[PDB]
Every structure is written in C-alpha cells, then in structure tokens.
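The chain below stands alone and is given as structure tokens, in the form deposited without this ligand.
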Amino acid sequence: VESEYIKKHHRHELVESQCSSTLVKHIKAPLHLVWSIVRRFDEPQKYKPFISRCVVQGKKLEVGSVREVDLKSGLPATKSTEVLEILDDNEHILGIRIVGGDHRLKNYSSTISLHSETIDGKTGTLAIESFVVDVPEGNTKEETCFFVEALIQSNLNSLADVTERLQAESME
C-alpha cells in the first residue's frame, strides 16, 4: 500500500539532487602515525583496499594535485579521477573531490579529519569522514548513502587495521 502506491504513481526522477552523510571510526594508534598515512594523497593504496593502482602526474602532494586511480574488480566502477582540495597539516584535515571516472558519483567531494581520543586507557585517534554527492538517476537518497557508507566504512576499517599493525611493529 502506502509505499507501493507511491512507487507506482509518485516516482519522479529529479533533474538533480545531492545527499550527504558522515562516518566515524576509532583507531588504536597515535594521531601522528594515522596522519602520516592519511596525508599521502599520492598513495591511497597504503590503506584503501580497493585501489589496484594510483598515478599522480606532476606535483604529487599539494592543493590541485590530481590522482588517477584504477580499482580492483568487483565494484560498479573501474577508475576514478580525484583532485586534492584540502591538505591541512595544522588541523589534520584532508579534502578531496572526484572529477572523473566511470562511477556514478557525480559532484562527489569528501572530508576526513583526525582527532585525538583516549579509550580504555590507551591513546588513539578518532577518524571522521563525511561526503556530499549527487544522487544518480534511478536511485534514492538513502540508497546512495548505503553504497557510499559501505565504501567509506571499508576504507576506515582498513585505515584502522594498517595503522594499528604499524603501531604494533613500532612498539617492538
């Protein structure tokens, strides 16, 4: 009923709209080590698990830098072009925008910030990542955020695993 009648009579495709969301992850490692990984826009494969290859032509690390990414198989995309928008070494913030590729994430920009946070007596890091993107044709706001958050959560989980392993090796 309700949801059915609506899906049949009131389903219109808007020339365009944009959705947004935020995710969080606690990482059991000091922020400097976490940031040493995250700041490397030119090497996202250090922790982003779906990246098979990344090429940066020209200046590698500075606002305006452009990275070309090839993705591992299984995703609804194979490549992406991203530009570094924000690289704040004072506040530990990294902002990117997607400007090309064969995904369906148009006008995608995102922001990750790091914050110190102690839990269970161990000092670590709270990573926060948000994004904003155009809802593609045929999909809803909710659907678009399920997809992106799936991707982002995977990125954060890997970030946490990589930096925690590094921190363990350091201790030794």
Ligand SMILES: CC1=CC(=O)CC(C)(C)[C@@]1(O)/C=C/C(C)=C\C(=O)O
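For every residue, the number given is its place in the sequence shown, counted from 1.
Unshown form solved in complex with this ligand; subsequent notes refer to it.
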Non-hydrogen atoms within 4.5 angstroms of this ligand in the bound PDB entry: do 98, 108 and 155 all have one?
yes
Among 45-53, 58-66, 30-38, 116-124, which stretch has residues with heavy atoms no more than 4.5 Å from this ligand in the bound PDB entry?
45-53
With the cut-off set at 4.5 Å between non-hydrogen atoms, does residue 151 touch this ligand in the bound PDB entry?
yes
With heavy atoms only and a cut-off of 4.5 Å, decide whether residue 87 touches this ligand in the bound PDB entry.
no
Just to confirm, residue 93 within 4.5 Å of this ligand in the bound PDB entry by heavy atoms?
no
Heavy atom within 4.5 Å of this ligand in the bound PDB entry: which residues of 110-137 qualify?
129
